[PDB]
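Chemist: This is coords16.csv (CSV, N, CA and C atoms).
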chain,number,residue,atom,x,y,z
A,1,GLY,N,-70.8,110.6,101.4
A,1,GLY,CA,-70.7,112.0,101.3
A,1,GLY,C,-70.2,112.6,102.7
A,2,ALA,N,-71.1,112.9,103.6
A,2,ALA,CA,-70.7,113.7,104.8
A,2,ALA,C,-69.3,113.3,105.4
A,3,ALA,N,-68.9,112.0,105.1
A,3,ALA,CA,-67.5,111.7,105.5
A,3,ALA,C,-66.5,112.3,104.5
A,4,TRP,N,-66.7,112.0,103.2
A,4,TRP,CA,-65.6,112.3,102.2
A,4,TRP,C,-65.8,113.6,101.4
A,5,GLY,N,-67.1,114.1,101.2
A,5,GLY,CA,-67.3,115.3,100.6
A,5,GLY,C,-67.6,116.4,101.6
A,6,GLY,N,-68.3,116.0,102.7
A,6,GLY,CA,-68.6,116.9,103.8
A,6,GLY,C,-70.0,117.3,103.9
A,7,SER,N,-70.4,117.9,105.0
A,7,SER,CA,-71.7,118.4,105.1
A,7,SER,C,-71.8,119.8,105.9
A,8,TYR,N,-72.2,120.7,105.1
A,8,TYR,CA,-72.7,122.0,105.7
A,8,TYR,C,-74.0,121.5,106.2
A,9,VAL,N,-74.1,121.7,107.5
A,9,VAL,CA,-75.3,121.2,108.2
A,9,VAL,C,-76.1,122.4,108.7
A,10,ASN,N,-75.5,123.2,109.5
A,10,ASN,CA,-76.2,124.2,110.3
A,10,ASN,C,-75.3,125.4,110.5
A,11,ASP,N,-75.8,126.5,111.1
A,11,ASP,CA,-75.0,127.7,111.4
A,11,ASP,C,-74.7,128.0,112.8
A,12,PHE,N,-73.6,128.6,113.2
A,12,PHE,CA,-73.4,129.1,114.6
A,12,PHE,C,-72.9,130.5,114.7
A,13,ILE,N,-72.6,130.9,115.9
A,13,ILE,CA,-72.3,132.3,116.2
A,13,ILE,C,-70.8,132.6,116.7
A,14,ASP,N,-69.9,133.0,115.8
A,14,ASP,CA,-68.5,133.2,116.2
A,14,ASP,C,-68.1,134.6,116.5
A,15,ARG,N,-67.9,134.9,117.8
A,15,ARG,CA,-67.5,136.3,118.3
A,15,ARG,C,-68.4,137.4,117.8
A,16,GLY,N,-69.6,137.1,117.3
A,16,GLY,CA,-70.5,138.1,116.8
A,16,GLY,C,-71.0,137.9,115.4
A,17,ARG,N,-70.3,137.0,114.7
A,17,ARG,CA,-70.6,136.7,113.3
A,17,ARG,C,-71.1,135.3,113.0
A,18,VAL,N,-72.3,135.2,112.3
A,18,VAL,CA,-72.8,133.9,111.9
A,18,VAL,C,-71.8,133.2,111.0
A,19,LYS,N,-71.4,132.0,111.2
A,19,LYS,CA,-70.6,131.2,110.3
A,19,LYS,C,-71.1,129.8,110.1
A,20,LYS,N,-70.4,129.0,109.3
A,20,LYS,CA,-70.9,127.7,108.9
A,20,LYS,C,-70.5,126.6,110.0
A,21,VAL,N,-71.2,125.4,109.9
A,21,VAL,CA,-70.8,124.2,110.6
A,21,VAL,C,-70.7,123.0,109.7
A,22,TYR,N,-69.5,122.5,109.6
A,22,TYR,CA,-69.3,121.3,108.7
A,22,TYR,C,-68.9,120.0,109.5
A,23,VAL,N,-69.4,118.9,109.0
A,23,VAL,CA,-69.0,117.6,109.7
A,23,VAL,C,-68.5,116.6,108.6
A,24,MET,N,-67.2,116.3,108.7
A,24,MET,CA,-66.5,115.6,107.7
A,24,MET,C,-65.6,114.5,108.3
A,25,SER,N,-65.3,113.5,107.6
A,25,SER,CA,-64.4,112.5,108.1
A,25,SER,C,-63.0,113.1,108.4
A,26,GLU,N,-62.3,112.6,109.4
A,26,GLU,CA,-61.0,113.1,109.8
A,26,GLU,C,-60.0,112.9,108.7
A,27,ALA,N,-58.8,113.4,109.0
A,27,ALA,CA,-57.7,113.4,108.1
A,27,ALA,C,-57.3,112.0,107.6
A,28,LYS,N,-57.2,111.0,108.5
A,28,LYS,CA,-56.6,109.7,108.2
A,28,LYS,C,-57.5,108.7,107.6
A,29,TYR,N,-58.8,108.9,107.5
A,29,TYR,CA,-59.7,107.9,107.1
A,29,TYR,C,-60.3,108.1,105.7
A,30,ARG,N,-59.5,108.9,104.8
A,30,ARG,CA,-59.9,109.1,103.5
A,30,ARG,C,-58.8,109.6,102.5
A,31,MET,N,-57.7,108.8,102.4
A,31,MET,CA,-56.6,109.2,101.5
A,31,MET,C,-56.5,108.1,100.5
A,32,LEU,N,-56.5,106.8,101.0
A,32,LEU,CA,-56.4,105.6,100.2
A,32,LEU,C,-57.7,104.8,100.4
A,33,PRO,N,-58.1,104.1,99.4
A,33,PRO,CA,-59.3,103.2,99.3
A,33,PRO,C,-59.4,102.2,100.4
A,34,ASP,N,-58.3,101.9,101.1
A,34,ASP,CA,-58.4,101.0,102.3
A,34,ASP,C,-59.5,101.6,103.2
A,35,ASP,N,-59.4,102.9,103.3
A,35,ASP,CA,-60.3,103.7,104.2
A,35,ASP,C,-61.8,103.6,103.7
A,36,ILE,N,-62.0,103.1,102.5
A,36,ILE,CA,-63.4,102.8,102.0
A,36,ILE,C,-64.0,101.7,102.9
A,37,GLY,N,-63.2,100.7,103.3
A,37,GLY,CA,-63.6,99.7,104.1
A,37,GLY,C,-64.0,100.2,105.5
A,38,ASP,N,-63.2,101.1,106.1
A,38,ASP,CA,-63.4,101.5,107.5
A,38,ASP,C,-64.7,102.1,107.8
A,39,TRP,N,-65.7,102.2,106.9
A,39,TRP,CA,-66.9,103.0,107.2
A,39,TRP,C,-68.1,102.2,107.2
A,40,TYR,N,-68.9,102.4,108.3
A,40,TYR,CA,-70.0,101.5,108.6
A,40,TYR,C,-71.4,102.1,108.6
A,41,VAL,N,-72.3,101.5,107.9
A,41,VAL,CA,-73.7,101.9,107.9
A,41,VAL,C,-74.6,101.0,108.7
A,42,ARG,N,-75.4,101.6,109.6
A,42,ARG,CA,-76.3,100.8,110.6
A,42,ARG,C,-77.7,100.5,110.0
A,43,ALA,N,-78.0,99.2,110.0
A,43,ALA,CA,-79.3,98.8,109.5
A,43,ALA,C,-80.5,98.9,110.5
A,44,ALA,N,-81.7,98.5,110.0
A,44,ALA,CA,-82.9,98.6,110.8
A,44,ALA,C,-82.8,97.8,112.1
A,45,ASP,N,-82.0,96.7,112.1
A,45,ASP,CA,-81.8,95.8,113.1
A,45,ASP,C,-80.8,96.2,114.2
A,46,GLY,N,-80.1,97.3,114.0
A,46,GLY,CA,-79.1,97.8,115.0
A,46,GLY,C,-77.7,97.4,114.7
A,47,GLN,N,-77.5,96.5,113.8
A,47,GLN,CA,-76.1,96.0,113.5
A,47,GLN,C,-75.4,96.7,112.4
A,48,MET,N,-74.2,97.2,112.6
A,48,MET,CA,-73.5,97.9,111.5
A,48,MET,C,-73.2,97.0,110.3
A,49,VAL,N,-72.9,97.6,109.2
A,49,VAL,CA,-72.5,96.9,108.0
A,49,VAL,C,-71.4,97.6,107.3
A,50,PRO,N,-70.2,96.9,107.0
A,50,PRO,CA,-69.1,97.6,106.4
A,50,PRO,C,-69.4,98.0,105.0
B,1,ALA,N,-100.1,171.4,123.7
B,1,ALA,CA,-100.3,169.9,123.8
B,1,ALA,C,-99.1,169.2,124.5
B,2,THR,N,-97.9,169.6,124.2
B,2,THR,CA,-96.8,169.0,125.0
B,2,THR,C,-96.8,169.6,126.4
B,3,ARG,N,-97.4,170.9,126.5
B,3,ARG,CA,-97.6,171.5,127.8
B,3,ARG,C,-98.5,170.6,128.6
B,4,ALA,N,-99.6,170.2,128.0
B,4,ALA,CA,-100.5,169.3,128.7
B,4,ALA,C,-99.8,168.0,129.1
B,5,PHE,N,-99.2,167.3,128.1
B,5,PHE,CA,-98.8,165.9,128.4
B,5,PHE,C,-97.4,165.7,129.1
B,6,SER,N,-96.7,166.7,129.3
B,6,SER,CA,-95.4,166.6,130.0
B,6,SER,C,-95.5,166.4,131.5
B,7,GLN,N,-96.1,167.4,132.1
B,7,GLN,CA,-96.2,167.6,133.5
B,7,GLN,C,-97.2,166.7,134.2
B,8,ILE,N,-98.1,166.1,133.3
B,8,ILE,CA,-99.2,165.4,133.9
B,8,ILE,C,-99.2,163.8,133.6
B,9,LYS,N,-98.1,163.2,133.3
B,9,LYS,CA,-98.1,161.8,133.0
B,9,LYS,C,-97.0,160.8,133.6
B,10,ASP,N,-97.3,159.5,133.5
B,10,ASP,CA,-96.4,158.4,133.9
B,10,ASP,C,-95.7,157.9,132.7
B,11,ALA,N,-96.0,158.4,131.5
B,11,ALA,CA,-95.3,158.1,130.3
B,11,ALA,C,-95.1,159.4,129.4
B,12,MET,N,-94.0,159.4,128.6
B,12,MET,CA,-93.7,160.6,127.9
B,12,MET,C,-94.4,160.6,126.5
B,13,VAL,N,-95.2,161.7,126.4
B,13,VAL,CA,-96.0,161.9,125.2
B,13,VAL,C,-95.7,163.2,124.6
B,14,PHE,N,-95.1,163.3,123.4
B,14,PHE,CA,-94.7,164.5,122.8
B,14,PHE,C,-95.5,164.9,121.5
B,15,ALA,N,-95.8,166.1,121.3
B,15,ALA,CA,-96.5,166.6,120.1
B,15,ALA,C,-95.7,167.5,119.3
B,16,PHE,N,-95.7,167.4,118.0
B,16,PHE,CA,-95.0,168.2,117.0
B,16,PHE,C,-95.7,168.3,115.7
B,17,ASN,N,-95.3,169.3,114.8
B,17,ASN,CA,-95.7,169.4,113.4
B,17,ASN,C,-94.6,168.9,112.5
B,18,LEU,N,-95.1,168.3,111.4
B,18,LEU,CA,-94.2,167.7,110.4
B,18,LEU,C,-93.3,168.7,109.8
B,19,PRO,N,-92.0,168.3,109.4
B,19,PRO,CA,-91.1,169.2,108.7
B,19,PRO,C,-91.6,169.6,107.3
B,20,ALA,N,-90.9,170.4,106.6
B,20,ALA,CA,-91.5,170.8,105.3
B,20,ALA,C,-91.3,169.6,104.3
B,21,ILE,N,-90.0,169.4,103.9
B,21,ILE,CA,-89.6,168.2,103.1
B,21,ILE,C,-89.6,167.0,104.0
B,22,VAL,N,-90.6,166.1,103.7
B,22,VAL,CA,-90.8,164.9,104.6
B,22,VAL,C,-89.8,163.8,104.8
B,23,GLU,N,-88.6,164.1,105.1
B,23,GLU,CA,-87.5,163.2,105.3
B,23,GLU,C,-86.0,163.8,105.5
B,24,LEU,N,-85.9,165.0,106.0
B,24,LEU,CA,-84.5,165.5,105.9
B,24,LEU,C,-83.8,165.9,107.2
B,25,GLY,N,-82.6,166.5,107.0
B,25,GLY,CA,-81.7,166.8,108.1
B,25,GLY,C,-82.3,167.9,109.1
B,26,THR,N,-82.0,167.7,110.4
B,26,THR,CA,-82.4,168.7,111.4
B,26,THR,C,-81.5,169.9,111.4
B,27,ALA,N,-80.9,170.2,110.2
B,27,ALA,CA,-80.0,171.3,110.0
B,27,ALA,C,-78.8,171.4,111.0
B,28,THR,N,-79.1,171.9,112.2
B,28,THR,CA,-78.1,172.1,113.2
B,28,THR,C,-77.6,170.8,113.9
B,29,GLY,N,-77.7,169.7,113.2
B,29,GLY,CA,-77.3,168.4,113.8
B,29,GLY,C,-76.8,167.2,113.0
B,30,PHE,N,-76.7,166.1,113.7
B,30,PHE,CA,-76.1,164.9,113.2
B,30,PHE,C,-76.9,163.6,113.5
B,31,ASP,N,-76.3,162.5,113.0
B,31,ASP,CA,-76.8,161.1,113.2
B,31,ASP,C,-75.6,160.1,113.3
B,32,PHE,N,-75.1,159.9,114.5
B,32,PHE,CA,-73.9,159.2,114.8
B,32,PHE,C,-74.2,157.7,115.0
B,33,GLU,N,-73.4,156.9,114.3
B,33,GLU,CA,-73.6,155.4,114.4
B,33,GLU,C,-72.3,154.9,115.0
B,34,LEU,N,-72.4,154.4,116.2
B,34,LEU,CA,-71.2,153.8,116.9
B,34,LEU,C,-71.1,152.3,116.5
B,35,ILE,N,-69.9,151.9,116.1
B,35,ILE,CA,-69.7,150.6,115.5
B,35,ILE,C,-68.8,149.7,116.2
B,36,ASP,N,-69.1,148.4,116.1
B,36,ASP,CA,-68.2,147.4,116.6
B,36,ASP,C,-67.5,146.7,115.5
B,37,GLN,N,-66.2,146.9,115.3
B,37,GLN,CA,-65.4,146.4,114.2
B,37,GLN,C,-64.6,145.1,114.5
B,38,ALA,N,-64.2,145.0,115.8
B,38,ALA,CA,-63.5,143.8,116.3
B,38,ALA,C,-64.5,142.8,116.9
B,39,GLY,N,-64.1,141.6,117.2
B,39,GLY,CA,-65.1,140.6,117.7
B,39,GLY,C,-65.7,140.7,119.1
B,40,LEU,N,-66.6,141.7,119.3
B,40,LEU,CA,-67.3,141.8,120.6
B,40,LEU,C,-68.8,141.7,120.5
B,41,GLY,N,-69.4,141.3,121.6
B,41,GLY,CA,-70.9,141.1,121.8
B,41,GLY,C,-71.6,142.3,122.3
B,42,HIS,N,-72.9,142.3,122.2
B,42,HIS,CA,-73.8,143.5,122.5
B,42,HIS,C,-73.4,144.2,123.8
B,43,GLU,N,-73.0,143.5,124.9
B,43,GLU,CA,-72.7,144.1,126.2
B,43,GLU,C,-71.6,145.2,126.0
B,44,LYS,N,-70.5,144.9,125.4
B,44,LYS,CA,-69.4,145.8,125.3
B,44,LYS,C,-69.7,147.0,124.4
B,45,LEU,N,-70.5,146.8,123.4
B,45,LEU,CA,-70.8,147.9,122.5
B,45,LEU,C,-71.8,148.9,123.2
B,46,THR,N,-72.9,148.4,123.8
B,46,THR,CA,-73.8,149.3,124.6
B,46,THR,C,-73.0,150.0,125.7
B,47,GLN,N,-72.0,149.3,126.3
B,47,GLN,CA,-71.2,149.9,127.3
B,47,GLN,C,-70.5,151.1,126.8
B,48,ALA,N,-69.9,150.9,125.6
B,48,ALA,CA,-69.2,152.0,124.9
B,48,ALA,C,-70.1,153.2,124.6
B,49,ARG,N,-71.4,152.8,124.3
B,49,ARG,CA,-72.4,153.8,124.0
B,49,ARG,C,-72.7,154.7,125.1
B,50,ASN,N,-72.9,154.1,126.3
B,50,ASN,CA,-73.1,154.8,127.5
B,50,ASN,C,-72.0,155.7,127.9
Now, as a test, write the supplied structure out as structure tokens.

Modeler:
Amino acid sequence: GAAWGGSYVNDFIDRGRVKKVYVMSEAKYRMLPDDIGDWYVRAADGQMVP
Amino acid sequence: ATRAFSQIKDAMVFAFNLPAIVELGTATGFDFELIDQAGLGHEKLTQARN
């Protein structure tokens, strides 16, 4: 998700107006399924898993 | 009562009687709201107010 769909997480203050804060994968890491590989989840032991 | 509390205190204490219709215009006056339409913060608006 938060990589490929995105995450509205929290709110900030722009020039006087409350607006959103999103955290999403960059441009290049989600066009083709090769990019599926490039993403890693960290286990209880500290070591990433592709 | 305002006679009493004006000249004799360190804080301003005013006495009055209620208007007839309990919520209306002071006839000979207004209620001006100064507004910030562009992207500015409290400092600049209060400054404009002064």

Chemist: Excluding region 22-36 of chain A and its own-chain neighbours fewer than 5 positions away, which residues fall within 8 Å of it when counting only C-alpha atoms? Please give them as number ranges by chain.

Modeler: A: 2-10

Chemist: Per DSSP on the backbone, filter chain A down to the residues in alpha helix (DSSP H) and report them as an mmCIF file with N, CA and C atoms, keeping the file's coordinate frame.

Modeler:
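File part.cif, as written:
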data_model
loop_
_atom_site.group_PDB
_atom_site.id
_atom_site.type_symbol
_atom_site.label_atom_id
_atom_site.label_comp_id
_atom_site.auth_asym_id
_atom_site.auth_seq_id
_atom_site.Cartn_x
_atom_site.Cartn_y
_atom_site.Cartn_z
ATOM 1 N N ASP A 34 -58.300 101.900 101.100
ATOM 2 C CA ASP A 34 -58.400 101.000 102.300
ATOM 3 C C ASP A 34 -59.500 101.600 103.200
ATOM 4 N N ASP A 35 -59.400 102.900 103.300
ATOM 5 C CA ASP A 35 -60.300 103.700 104.200
ATOM 6 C C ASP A 35 -61.800 103.600 103.700
ATOM 7 N N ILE A 36 -62.000 103.100 102.500
ATOM 8 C CA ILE A 36 -63.400 102.800 102.000
ATOM 9 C C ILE A 36 -64.000 101.700 102.900
ATOM 10 N N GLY A 37 -63.200 100.700 103.300
ATOM 11 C CA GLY A 37 -63.600 99.700 104.100
ATOM 12 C C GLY A 37 -64.000 100.200 105.500
#

Chemist: Between CA of residue 38 (chain A) and CA of residue 21 (chain A), what distance in Å does the model show, to one decimal?

Modeler: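 If I compute the distance from CA of residue 38 (chain A) to CA of residue 21 (chain A), I get 24.1 Å.
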
Chemist: Could you name the residues that touch region 29-35 of chain B at 8 Å or less, counting only C-alpha atoms, but leaving out those on the same chain fewer than 4 positions away, as number ranges by chain?

Modeler: B: 25, 45, 49

Chemist: What is the distance between CA of residue 42 (chain B) and CA of residue 16 (chain A), in Å to one decimal?

Modeler: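 For CA of residue 42 (chain B) relative to CA of residue 16 (chain A), the distance reads 8.5 Å.
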
Chemist: Using DSSP assignments from the backbone, pull out every residue in chain A that falls under strand (DSSP E) and give it to me as an MDAnalysis selection string.

Modeler: chainID A and resid 8:14 17:22 41:42 48:49

Chemist: With a distance threshold of 9 Å and counting only C-alpha atoms, extract the residues of chain A near chain B and express them as a PyMOL selection string.

Modeler: chain A and resi 14-17

Chemist: Go ahead and compute the interatomic distance for CA of residue 44 (chain B) and CA of residue 12 (chain A), in Å to one decimal.

Modeler: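 Interatomic distance here is 20.2 Å.
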
Chemist: Since the input has fewer atoms than a full residue there, write region 15-38 of chain A out with N, CA, C and O atoms, as an mmCIF file, in the frame of the given file.

Modeler:
data_model
loop_
_atom_site.group_PDB
_atom_site.id
_atom_site.type_symbol
_atom_site.label_atom_id
_atom_site.label_comp_id
_atom_site.auth_asym_id
_atom_site.auth_seq_id
_atom_site.Cartn_x
_atom_site.Cartn_y
_atom_site.Cartn_z
ATOM 1 N N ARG A 15 -67.900 134.900 117.800
ATOM 2 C CA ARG A 15 -67.500 136.300 118.300
ATOM 3 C C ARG A 15 -68.400 137.400 117.800
ATOM 4 O O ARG A 15 -68.038 138.606 118.046
ATOM 5 N N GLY A 16 -69.600 137.100 117.300
ATOM 6 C CA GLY A 16 -70.500 138.100 116.800
ATOM 7 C C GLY A 16 -71.000 137.900 115.400
ATOM 8 O O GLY A 16 -71.941 138.460 114.965
ATOM 9 N N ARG A 17 -70.300 137.000 114.700
ATOM 10 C CA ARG A 17 -70.600 136.700 113.300
ATOM 11 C C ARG A 17 -71.100 135.300 113.000
ATOM 12 O O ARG A 17 -70.425 134.314 113.300
ATOM 13 N N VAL A 18 -72.300 135.200 112.300
ATOM 14 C CA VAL A 18 -72.800 133.900 111.900
ATOM 15 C C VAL A 18 -71.800 133.200 111.000
ATOM 16 O O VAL A 18 -71.312 133.855 110.024
ATOM 17 N N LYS A 19 -71.400 132.000 111.200
ATOM 18 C CA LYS A 19 -70.600 131.200 110.300
ATOM 19 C C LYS A 19 -71.100 129.800 110.100
ATOM 20 O O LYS A 19 -72.053 129.373 110.737
ATOM 21 N N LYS A 20 -70.400 129.000 109.300
ATOM 22 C CA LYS A 20 -70.900 127.700 108.900
ATOM 23 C C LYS A 20 -70.500 126.600 110.000
ATOM 24 O O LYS A 20 -69.705 126.843 110.863
ATOM 25 N N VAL A 21 -71.200 125.400 109.900
ATOM 26 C CA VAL A 21 -70.800 124.200 110.600
ATOM 27 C C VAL A 21 -70.700 123.000 109.700
ATOM 28 O O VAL A 21 -71.731 122.464 109.266
ATOM 29 N N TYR A 22 -69.500 122.500 109.600
ATOM 30 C CA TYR A 22 -69.300 121.300 108.700
ATOM 31 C C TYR A 22 -68.900 120.000 109.500
ATOM 32 O O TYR A 22 -68.225 120.079 110.537
ATOM 33 N N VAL A 23 -69.400 118.900 109.000
ATOM 34 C CA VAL A 23 -69.000 117.600 109.700
ATOM 35 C C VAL A 23 -68.500 116.600 108.600
ATOM 36 O O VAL A 23 -69.240 116.194 107.757
ATOM 37 N N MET A 24 -67.200 116.300 108.700
ATOM 38 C CA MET A 24 -66.500 115.600 107.700
ATOM 39 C C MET A 24 -65.600 114.500 108.300
ATOM 40 O O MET A 24 -65.278 114.648 109.506
ATOM 41 N N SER A 25 -65.300 113.500 107.600
ATOM 42 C CA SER A 25 -64.400 112.500 108.100
ATOM 43 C C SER A 25 -63.000 113.100 108.400
ATOM 44 O O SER A 25 -62.597 114.038 107.727
ATOM 45 N N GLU A 26 -62.300 112.600 109.400
ATOM 46 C CA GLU A 26 -61.000 113.100 109.800
ATOM 47 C C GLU A 26 -60.000 112.900 108.700
ATOM 48 O O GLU A 26 -60.204 112.259 107.693
ATOM 49 N N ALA A 27 -58.800 113.400 109.000
ATOM 50 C CA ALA A 27 -57.700 113.400 108.100
ATOM 51 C C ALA A 27 -57.300 112.000 107.600
ATOM 52 O O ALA A 27 -57.248 111.839 106.355
ATOM 53 N N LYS A 28 -57.200 111.000 108.500
ATOM 54 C CA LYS A 28 -56.600 109.700 108.200
ATOM 55 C C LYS A 28 -57.500 108.700 107.600
ATOM 56 O O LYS A 28 -56.966 107.636 107.088
ATOM 57 N N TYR A 29 -58.800 108.900 107.500
ATOM 58 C CA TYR A 29 -59.700 107.900 107.100
ATOM 59 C C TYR A 29 -60.300 108.100 105.700
ATOM 60 O O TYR A 29 -61.353 107.667 105.332
ATOM 61 N N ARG A 30 -59.500 108.900 104.800
ATOM 62 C CA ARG A 30 -59.900 109.100 103.500
ATOM 63 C C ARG A 30 -58.800 109.600 102.500
ATOM 64 O O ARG A 30 -58.929 110.568 101.828
ATOM 65 N N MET A 31 -57.700 108.800 102.400
ATOM 66 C CA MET A 31 -56.600 109.200 101.500
ATOM 67 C C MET A 31 -56.500 108.100 100.500
ATOM 68 O O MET A 31 -56.379 108.335 99.300
ATOM 69 N N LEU A 32 -56.500 106.800 101.000
ATOM 70 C CA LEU A 32 -56.400 105.600 100.200
ATOM 71 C C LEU A 32 -57.700 104.800 100.400
ATOM 72 O O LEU A 32 -58.195 104.783 101.538
ATOM 73 N N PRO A 33 -58.100 104.100 99.400
ATOM 74 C CA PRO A 33 -59.300 103.200 99.300
ATOM 75 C C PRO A 33 -59.400 102.200 100.400
ATOM 76 O O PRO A 33 -60.486 101.558 100.568
ATOM 77 N N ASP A 34 -58.300 101.900 101.100
ATOM 78 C CA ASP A 34 -58.400 101.000 102.300
ATOM 79 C C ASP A 34 -59.500 101.600 103.200
ATOM 80 O O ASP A 34 -60.301 100.879 103.813
ATOM 81 N N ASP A 35 -59.400 102.900 103.300
ATOM 82 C CA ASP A 35 -60.300 103.700 104.200
ATOM 83 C C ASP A 35 -61.800 103.600 103.700
ATOM 84 O O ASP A 35 -62.711 103.924 104.449
ATOM 85 N N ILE A 36 -62.000 103.100 102.500
ATOM 86 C CA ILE A 36 -63.400 102.800 102.000
ATOM 87 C C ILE A 36 -64.000 101.700 102.900
ATOM 88 O O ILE A 36 -65.147 101.806 103.286
ATOM 89 N N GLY A 37 -63.200 100.700 103.300
ATOM 90 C CA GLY A 37 -63.600 99.700 104.100
ATOM 91 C C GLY A 37 -64.000 100.200 105.500
ATOM 92 O O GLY A 37 -65.104 99.842 106.005
ATOM 93 N N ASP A 38 -63.200 101.100 106.100
ATOM 94 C CA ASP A 38 -63.400 101.500 107.500
ATOM 95 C C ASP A 38 -64.700 102.100 107.800
ATOM 96 O O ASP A 38 -64.903 102.532 108.980
#
